[PDB]
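Peer 1: I am attaching a structure below and will ask some questions about it afterwards.
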Amino acid sequence: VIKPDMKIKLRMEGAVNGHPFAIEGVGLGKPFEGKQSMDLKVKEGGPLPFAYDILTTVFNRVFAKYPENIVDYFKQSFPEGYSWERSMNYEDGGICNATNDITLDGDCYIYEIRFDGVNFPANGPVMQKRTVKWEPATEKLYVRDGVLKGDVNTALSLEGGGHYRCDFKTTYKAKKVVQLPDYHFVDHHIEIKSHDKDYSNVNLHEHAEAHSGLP
Amino acid sequence: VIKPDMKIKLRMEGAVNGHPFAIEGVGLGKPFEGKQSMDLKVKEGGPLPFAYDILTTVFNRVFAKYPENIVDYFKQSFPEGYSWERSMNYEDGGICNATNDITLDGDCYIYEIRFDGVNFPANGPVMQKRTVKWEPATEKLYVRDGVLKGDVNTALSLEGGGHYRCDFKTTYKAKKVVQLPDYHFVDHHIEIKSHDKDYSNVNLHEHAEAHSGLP
Amino acid sequence: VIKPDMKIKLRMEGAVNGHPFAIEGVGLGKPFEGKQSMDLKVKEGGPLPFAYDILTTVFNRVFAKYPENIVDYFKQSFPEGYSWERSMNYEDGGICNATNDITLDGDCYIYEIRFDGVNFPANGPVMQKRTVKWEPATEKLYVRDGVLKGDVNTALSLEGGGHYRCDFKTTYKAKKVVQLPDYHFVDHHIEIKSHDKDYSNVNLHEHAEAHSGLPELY
Amino acid sequence: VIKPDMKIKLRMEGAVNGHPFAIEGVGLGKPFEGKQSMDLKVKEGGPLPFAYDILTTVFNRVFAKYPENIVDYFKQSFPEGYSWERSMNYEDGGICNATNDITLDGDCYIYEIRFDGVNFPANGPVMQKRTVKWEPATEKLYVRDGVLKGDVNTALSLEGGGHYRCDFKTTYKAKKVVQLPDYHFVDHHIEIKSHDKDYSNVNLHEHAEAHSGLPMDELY
Numbered sequence: 001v002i003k004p005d006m007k008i009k010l011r012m013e014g015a016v017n018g019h020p021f022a023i024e025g026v027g028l029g030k031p032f033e034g035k036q037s038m039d040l041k042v043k044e045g046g047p048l049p050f051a052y053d054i055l056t057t058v059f060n061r062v063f064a065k066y067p068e069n070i071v072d073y074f075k076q077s078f079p080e081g082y083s084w085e086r087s088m089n090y091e092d093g094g095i096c097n098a099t100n101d102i103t104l105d106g107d108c109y110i111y112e113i114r115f116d117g118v119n120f121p122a123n124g125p126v127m128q129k130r131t132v133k134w135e136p137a138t139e140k141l142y143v144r145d146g147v148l149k150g151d152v153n154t155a156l157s158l159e160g161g162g163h164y165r166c167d168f169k170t171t172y173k174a175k176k177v178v179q180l181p182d183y184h185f186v187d188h189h190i191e192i193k194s195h196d197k198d199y200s201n202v203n204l205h206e207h208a209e210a211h212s213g214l215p
Numbered sequence: 001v002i003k004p005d006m007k008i009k010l011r012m013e014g015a016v017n018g019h020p021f022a023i024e025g026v027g028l029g030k031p032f033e034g035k036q037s038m039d040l041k042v043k044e045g046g047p048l049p050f051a052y053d054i055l056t057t058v059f060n061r062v063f064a065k066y067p068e069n070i071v072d073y074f075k076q077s078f079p080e081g082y083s084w085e086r087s088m089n090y091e092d093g094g095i096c097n098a099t100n101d102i103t104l105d106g107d108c109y110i111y112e113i114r115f116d117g118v119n120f121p122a123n124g125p126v127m128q129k130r131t132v133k134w135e136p137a138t139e140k141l142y143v144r145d146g147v148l149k150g151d152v153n154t155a156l157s158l159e160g161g162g163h164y165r166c167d168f169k170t171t172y173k174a175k176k177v178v179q180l181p182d183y184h185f186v187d188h189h190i191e192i193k194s195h196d197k198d199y200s201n202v203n204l205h206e207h208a209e210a211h212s213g214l215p
Numbered sequence: 001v002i003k004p005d006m007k008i009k010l011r012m013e014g015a016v017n018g019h020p021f022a023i024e025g026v027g028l029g030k031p032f033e034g035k036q037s038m039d040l041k042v043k044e045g046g047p048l049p050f051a052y053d054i055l056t057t058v059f060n061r062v063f064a065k066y067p068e069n070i071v072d073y074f075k076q077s078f079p080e081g082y083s084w085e086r087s088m089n090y091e092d093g094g095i096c097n098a099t100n101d102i103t104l105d106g107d108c109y110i111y112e113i114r115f116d117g118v119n120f121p122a123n124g125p126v127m128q129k130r131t132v133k134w135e136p137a138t139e140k141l142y143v144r145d146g147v148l149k150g151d152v153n154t155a156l157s158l159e160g161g162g163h164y165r166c167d168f169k170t171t172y173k174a175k176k177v178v179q180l181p182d183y184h185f186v187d188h189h190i191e192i193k194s195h196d197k198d199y200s201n202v203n204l205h206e207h208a209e210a211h212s213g214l215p216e217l218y
Numbered sequence: 001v002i003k004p005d006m007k008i009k010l011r012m013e014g015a016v017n018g019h020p021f022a023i024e025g026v027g028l029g030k031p032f033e034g035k036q037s038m039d040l041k042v043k044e045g046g047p048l049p050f051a052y053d054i055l056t057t058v059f060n061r062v063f064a065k066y067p068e069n070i071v072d073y074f075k076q077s078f079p080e081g082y083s084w085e086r087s088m089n090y091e092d093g094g095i096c097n098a099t100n101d102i103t104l105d106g107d108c109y110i111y112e113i114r115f116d117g118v119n120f121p122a123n124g125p126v127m128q129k130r131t132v133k134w135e136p137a138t139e140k141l142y143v144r145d146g147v148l149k150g151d152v153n154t155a156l157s158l159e160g161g162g163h164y165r166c167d168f169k170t171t172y173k174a175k176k177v178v179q180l181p182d183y184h185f186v187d188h189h190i191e192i193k194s195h196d197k198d199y200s201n202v203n204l205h206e207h208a209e210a211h212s213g214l215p216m217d218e219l220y
């Protein structure tokens with residue numbers, strides 16, 4: 001179903017602090033190597049008045065390298081696909097709600113993303129655009145009443161030396177009945193390789209590998 | 001500009017757990033009585049698979065009775081109007097993000113509402129439709145960085161006696177420079193007086209009175 | 001069982017950010033009229049390096065004026081008494097855990113209080129003492145699994161202005177089987193009347209009344 | 001100052017839901033292999049009416065294997081030592097506040113722990129003792145206002161399935177001026193190897209290793 005080589009197509013519609021925007025992207029990646037890359041383009045609502053880094057983790061766990069001992073819930077879910085729902089909590093009250101419906105058409109993954117952020121203070125690092133990079137993150141994946149859950153508590157490094165924490169809460173629902181994995185982790189590293197000035201064009205890279213902890 | 005009798009026109013567009021919907025309403029109210037009433041109709045995405053009660057607190061603090069000891073920020077902001085954002089944090093992980101842009105057209109208040117809820121468990125009271133009503137609530141409205149904020153922790157009474165808590169975090173932004181009030185309260189009471197089976201037609205009643213607390 | 005006048009004697013043993021301290025108190029109040037006052041003296045660990053305002057809300061819902069229409073869980077629980085636990089989460093990461101065992105000895109209420117605060121930043125208003133007063137607060141009380149719970153979301157007023165928020169979560173356990181009230185509220189107003197300069201002696205007043213939310217001249 | 005063989009002496013006294021207890025322990029570590037071991041004993045307030053697992057993560061980041069690429073804040077603090085504070089937020093409202101002042105006496109680490117848990121429901125996995133083990137954890141360490149902070153988000157496994165989440169927030173304060181590290185991680189694993197029937201005697205082990213996240217297997 002899934003080759004070592006797939007393509008990505010996505011459109012994200014949303015609003016941050018009530019003001020709408022839209023982004024389209026095309027990208028590519030390798031599911032067995034856990035790596036993906038994409039090019040993002042702002043279509044509506046640009047220039048964006050908020051930090052672009054609050055969107056990068058919304059721009060697909062099929063691009064995670066899974067060992068044999070860990071059940072791969074996302075590669076099993078195809079060709080039917082899966083969707084995910086997520087709440088992002090920033091330590092100063094900012095809230096981001098995001099959804100992604102992932103389907104597969106041949107060799108291309110298609111995303112239907114919806115994003116909504118509220119309560120970002122105007123003097124905060126997101127509205128002042130004082131963010132630099134997201135630190136590498138560890139995700140906890142576990143089953144709870146028949147669904148797969150994902151929790152991440154990371155931080156954004158602030159242009160200055162500071163760190164801006166965020167808590168992720170994800171729910172993963174496959175379109176067909178698949179086997180559910182056990183408690184495991186997925187390590188992430190997302191990186192902005194290139195943009196212009198107001199982020200109307202963004203080159204985004206991600207690297208993810210699943211593991212089973214220290215023991 | 002503020003009339004003893006005002007009407008409301010509103011359209012809400014949103015999604016709960018990724019599934020879109022749209023609702024329109026018309027109503028009227030007495031801003032100096034702190035009372036308002038409206039008729040809401042589902043236009044898209046019906047029948048709703050979630051409890052309708054999670055939307056009623058999103059369908060305007062101008063309908064709050066304000067005493068002269070407290071600065072009335074919401075009646076002061078017209079005819080330019082004001083907007084508010086809100087995150088609703090339920091105790092089982094469900095998160096709802098809502099925005100409202102309120103303008104004034106003659107004697108009619110126009111709401112442009114966007115709603116988005118995620119991570120509502122399928123076995124929880126919102127998706128299982130086991131909510132009865134909202135309990136009466138008190139909000140504290142206070143200034144932080146020159147903007148008005150509102151905090152509520154209320155609960156929904158469940159079919160069987162239990163209570164399902166929610167915490168509100170609202171940011172109120174007036175369109176023009178307005179006078180900021182001091183730390184005060186607003187008591188509220190929202191009630192669904194009539195509805196259809198699947199809530200395609202809902203009559204919603206709300207009563208609010210501002211005060212400055214125990215002395 | 002409860003007279004129109006009751007006395008208070010209390011002992012607090014605790015710590016903030018790991019450094020111990022101690023406070024004893026004597027007081028008096030009117031349970032039917034929701035008013036109480038006490039004089040607290042610091043015994044150990046003074047002068048206190050933290051804002052005194054984080055403890056005053058730990059220094060009795062029996063001193064809350066209850067209407068006849070709402071069941072009083074605390075006045076009903078006597079003469080055996082009740083105990084309560086509380087977690088306080090300030091918006092800056094500061095966490096306070098408090099427990100209180102309330103007994104009745106004649107006409108005097110006796111408290112056994114334990115206080116522990118952690119994760120208070122050295123640059124914050126609690127460690128640097130920039131608190132002025134608690135704003136008036138409302139508490140919601142509801143039953144959950146046979147016990148009474150109390151949630152309050154209040155704030156502290158700051159020296160230069162602004163507010164410093166705190167979230168309360170209280171559990172009330174009566175010692176005997178009493179019956180549980182319905183979802184109701186209690187309005188609070190706590191105030192430090194007089195104190196010296198390191199708060200080794202503090203005069204504290206509180207006023208509390210229960211009600212049932214937003215609802216005649218006769 | 002930090003030897004390949006260290007001993008542990010500890011006393012923890014606190015209360016869960018208002019009911020006091022006291023625990024004594026003795027142990028030994030290998031501060032360079034990130035492994036520690038200890039045997040613990042209940043002295044007051046036993047038999048414990050709560051799950052013992054809510055205390056095990058309170059029984060020393062000096063027993064974490066630190067590579068040279070990451071600055072070691074905890075090995076720098078000895079022999080004068082450091083202290084830490086922690087709030088543990090369970091997902092059903094249980095809250096635990098714990099503090100530990102660690103000193104160094106010759107070749108032995110001395111702990112003075114104070115623990116306080118409240119709002120634990122009587123029908124919950126802690127008071128009903130339905131916890132099995134802690135899952136492996138990753139902690140995030142970072143500097144804020146000149147001190148080192150620690151964030152952990154793990155779960156506890158329960159009898160019959162499922163997980164019971166808890167969120168850790170730790171503050172590390174060295175007693176003397178040390179060099180502050182950059183954003184890094186420490187992987188943890190807690191396990192009770194042997195215990196009694198009433199958990200009056202517990203043998204506890206830990207293994208901790210620091211790293212810097214998703215980056216060595218060049219095969220040479």
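Residue numbers (this note's numbering), protein chains in the order written: chain A, 1 to 215; chain B, 1 to 215; chain C, 1 to 218; chain D, 1 to 220. All C-beta atoms in this analysis are idealised placements derived from N, C-alpha and C, irrespective of residue type, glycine included.
Express the C-alpha separation of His-184 (chain D) and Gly-213 (chain D) in angstroms, rounding to a whole number.
Peer 2: Along the fourth sequence, one-based indexing puts residue 213 (chain D) at 213. Along the fourth sequence, one-based indexing puts residue 184 (chain D) at 184. Those two C-alpha atoms are separated by around 7 Å.
Peer 1: From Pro-49 (chain A) to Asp-107 (chain A), what does the alpha carbon distance come to, in whole angstroms?
Peer 2: Along the first sequence, read from residue 1 onward, the residue named residue 49 (chain A) stands at position 49. Along the first sequence, read from residue 1 onward, the residue named residue 107 (chain A) stands at position 107. Taking the straight line from one Cα to the other gives about 35 Å.
Peer 1: Take the Cβ of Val-177 (chain D) as the centre, count every other Cβ of all protein chains shown within 10 Å, and call the residue buried at 16 or more, exposed below.
Peer 2: The sequence position of residue 177 (chain D) within the fourth sequence is 177, counting from 1. It is exposed - the Cβ of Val-177 (chain D) has fewer than 16 other Cβ atoms within 10 Å.
Peer 1: Less than 8 Å between CB atoms is the rule here; does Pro-49 (chain C) satisfy it with respect to chain D?
Peer 2: Position 49 of the third sequence holds residue 49 (chain C). Answer no: the Cβ-Cβ gap between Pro-49 (chain C) and chain D never drops below 8 Å.
Peer 1: What first and last residue would you give for the beta strand (DSSP E) that runs through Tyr-172 (chain C)?
Peer 2: Residue numbering aside, residue 172 (chain C) sits at position 172 when the third sequence is read from its first letter. Here the beta strand (DSSP E) through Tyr-172 (chain C) covers 163-174.
Peer 1: Counting C-beta neighbours from all protein chains within 10 Å, is the total for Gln-76 (chain C) 16 or more, i.e. buried, or is it exposed?
Peer 2: Counting from 1 along the third sequence, the entry for residue 76 (chain C) is found at position 76. Flag for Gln-76 (chain C) reads buried.
Peer 1: Going by other Cβ atoms of all chains shown within 10 Å of its Cβ, with 16 needed for buried, is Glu-135 (chain D) buried or exposed?
Peer 2: The sequence position of residue 135 (chain D) within the fourth sequence is 135, counting from 1. It counts as buried.
Peer 1: Whole beta strand (DSSP E) runs in the segment 101-184 of chain B with 3 or more residues, listed along the chain?
Peer 2: Listed in chain order, the complete beta strand (DSSP E) runs (minimum 3 residues) inside the segment 101-184 of chain B are 108-118, 131-134, 137-144, 147-158, 163-174.
Peer 1: With H, G and I counted as helix, E and B as strand and the rest as coil, what does DSSP make of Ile-70 (chain D)?
Peer 2: Indexing the fourth sequence from 1 puts residue 70 (chain D) at position 70. Coil.
Peer 1: The alpha helix (DSSP H) that contains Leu-55 (chain C), what's its start and end?
Peer 2: Counting from 1 along the third sequence, the entry for residue 55 (chain C) is found at position 55. Counting along the chain, the alpha helix (DSSP H) containing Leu-55 (chain C) begins and ends at 53-56.
Peer 1: In angstroms, rounded to a whole number, what distance separates the CA positions of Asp-217 (chain D) and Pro-20 (chain C)?
Peer 2: As a first step, residue 217 (chain D) must be located in the fourth sequence, where it is residue number 217. As a first step, residue 20 (chain C) must be located in the third sequence, where it is residue number 20. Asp-217 (chain D) and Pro-20 (chain C): Cα-Cα distance of roughly 50 Å.
Peer 1: Straight-line CA distance for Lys-41 (chain C) to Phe-120 (chain C)?
Peer 2: Here residue 41 (chain C) corresponds to residue number 41 of the third sequence, with the count starting at 1. Here residue 120 (chain C) corresponds to residue number 120 of the third sequence, with the count starting at 1. Roughly 23 Å between the two C-alpha positions.
Peer 1: Run down chain A in chain order and give the residues with a C-beta less than 8 Å from the C-beta of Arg-114 (chain B).
Peer 2: Position 114 of the second sequence holds residue 114 (chain B). Near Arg-114 (chain B) (Cβ distances below 8 Å), the residues of chain A are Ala-15, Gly-18, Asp-116.
Peer 1: Is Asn-89 (chain A) close to chain D? Criterion is C-beta to C-beta, closer than 8 Å.
Peer 2: Locating residue 89 (chain A) in the first sequence gives position 89, counting from the first residue. Chain D contact via Cβ: absent.
Peer 1: Using a Cβ-Cβ cut-off of less than 9 Å, list which residues of the segment 118-143 of chain A approach chain D; keep chain order.
Peer 2: Flagged, chain order: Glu-135, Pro-136, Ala-137, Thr-138, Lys-140, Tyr-142, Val-143.
Peer 1: Which residues bound the beta strand (DSSP E) around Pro-20 (chain C)?
Peer 2: Locating residue 20 (chain C) in the third sequence gives position 20, counting from the first residue. Its beta strand (DSSP E) spans residues 19-30.
Peer 1: Listed in chain order, which residues of the segment 71-85 of chain C have Cβ atoms closer than 8 Å to some Cβ of chain D?
Peer 2: For the segment 71-85 of chain C, which is checked against every Cβ of chain D, the residues closer than 8 Å are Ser-83, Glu-85.
Peer 1: Contact check, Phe-59 (chain C) vs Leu-10 (chain C) under 8 Å by CB: the rounded distance?
Peer 2: Locating residue 59 (chain C) in the third sequence gives position 59, counting from the first residue. Locating residue 10 (chain C) in the third sequence gives position 10, counting from the first residue. Rounded, the Cβ-Cβ distance is 7 Å, consistent with contact.
Peer 1: Name the chain D residues that come within less than 8 Å of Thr-57 (chain C), Cβ to Cβ?
Peer 2: Along the third sequence, one-based indexing puts residue 57 (chain C) at 57. Chain D residues near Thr-57 (chain C): none, gap ~15 Å exceeds 8 Å.
Peer 1: Given this structure, state the Cα-to-Cα distance separating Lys-30 (chain A) from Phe-115 (chain B), to the nearest angstrom.
Peer 2: Position 30 of the first sequence, counting from 1, holds the residue named residue 30 (chain A). Position 115 of the second sequence, counting from 1, holds the residue named residue 115 (chain B). Each residue's Cα considered, the two are about 35 Å apart.
Peer 1: Any C-beta of chain D sitting closer than 8 Å to the C-beta of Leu-204 (chain A)?
Peer 2: Here residue 204 (chain A) refers to the residue found at position 204 when the first sequence is read from its first residue. With 8 Å as the cut-off, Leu-204 (chain A) does not count as an interface residue toward chain D.
Peer 1: Report yes or no: is there a C-beta of chain C within less than 8 Å of the C-beta of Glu-191 (chain B)?
Peer 2: The residue labelled residue 191 (chain B) in the question sits at position 191 within the second sequence. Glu-191 (chain B) does not count as touching chain C.
Peer 1: Quick one: give me the first and last residue of the beta strand (DSSP E) that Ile-2 (chain D) is part of.
Peer 2: Residue numbering aside, residue 2 (chain D) sits at position 2 when the fourth sequence is read from its first letter. Element bounds for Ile-2 (chain D): n/a, residue is neither H nor E.
Peer 1: Please report whether the beta-carbon of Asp-101 (chain D) lies at a distance below 8 Å from any beta-carbon of chain C.
Peer 2: To locate residue 101 (chain D), count along the fourth sequence from 1; it is residue 101. Closer than 8 Å: yes.
Peer 1: Quick one: give me the first and last residue of the beta strand (DSSP E) that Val-16 (chain A) is part of.
Peer 2: For the purposes of this step, residue 16 (chain A) is taken as residue 16 along the first sequence, with counting starting at 1. Residues 6-16.
Peer 1: By alpha-carbon positions, which one of A:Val-147, A:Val-118, A:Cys-166 ends up nearest to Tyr-82 (chain A)?
Peer 2: As a first step, residue 82 (chain A) is located in the first sequence; it is residue number 82 there, counting from the start. Of A:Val-147, A:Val-118, A:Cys-166, the residue nearest in Cα terms is A:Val-147.
Peer 1: Against chain D, with Cβ distances strictly below 8 Å, would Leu-156 (chain A) count as a contact?
Peer 2: Here residue 156 (chain A) is taken as the residue at index 156 of the first sequence, counted from 1. Not closer than 8 Å to any Cβ of chain D, the Cβ of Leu-156 (chain A) fails to qualify, so no.
Peer 1: Which residues mark the beginning and the end of the beta strand (DSSP E) in which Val-62 (chain D) is found?
Peer 2: Start at 1 with the first residue of the fourth sequence, and residue 62 (chain D) comes out as number 62. No beta strand (DSSP E) contains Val-62 (chain D), which DSSP labels as neither H nor E.
Peer 1: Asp-151 (chain D) touches chain A at which residues, Cβ-Cβ below 8 Å?
Peer 2: Translated into positions along the fourth sequence, residue 151 (chain D) becomes position 151. Result: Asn-153, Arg-165.
Peer 1: Quick one: does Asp-145 (chain B) have its CB under 8 Å from some CB of chain A?
Peer 2: For the purposes of this step, residue 145 (chain B) is identified with residue 145 of the second sequence, where counting begins at 1. True, the Cβ-Cβ gap to chain A drops below 8 Å.
Peer 1: Cβ atoms of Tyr-73 (chain B) and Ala-174 (chain B): under 8 Å apart, would you say?
Peer 2: Locating residue 174 (chain B) in the second sequence gives position 174, where the first residue counts as 1. Locating residue 73 (chain B) in the second sequence gives position 73, where the first residue counts as 1. Yes. Within cutoff.
Peer 1: Between the C-alpha atoms of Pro-4 (chain B) and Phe-32 (chain B), what's the straight-line distance to the nearest angstrom?
Peer 2: Position 4 of the second sequence, counted from the first residue, corresponds to residue 4 (chain B). Position 32 of the second sequence, counted from the first residue, corresponds to residue 32 (chain B). Straight-line Cα distance between these residues: approximately 6 Å.
Peer 1: Three or more C-beta pairs under 8 Å: does that hold for the segment 197-208 of chain A against the segment 140-155 of chain A?
Peer 2: Cβ pair count under 8 Å is below three, so no.
Peer 1: Please confirm if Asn-60 (chain A) has its CB atom under 8 Å from at least one CB of chain B.
Peer 2: Numbered from 1 along the first sequence, position 60 holds the residue referred to as residue 60 (chain A). Not closer than 8 Å to any Cβ of chain B, the Cβ of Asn-60 (chain A) fails to qualify, so no.
Peer 1: For the beta strand (DSSP E) that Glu-44 (chain A) lies in, which residues bound it at each end?
Peer 2: Indexing the first sequence from 1 puts residue 44 (chain A) at position 44. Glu-44 (chain A) -> beta strand (DSSP E) spans 35-44.
Peer 1: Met-88 (chain A) lies in the beta strand (DSSP E); which residues open and close that run?
Peer 2: By 1-based counting over the first sequence, the position of residue 88 (chain A) is 88. Here the beta strand (DSSP E) through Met-88 (chain A) covers 82-90.
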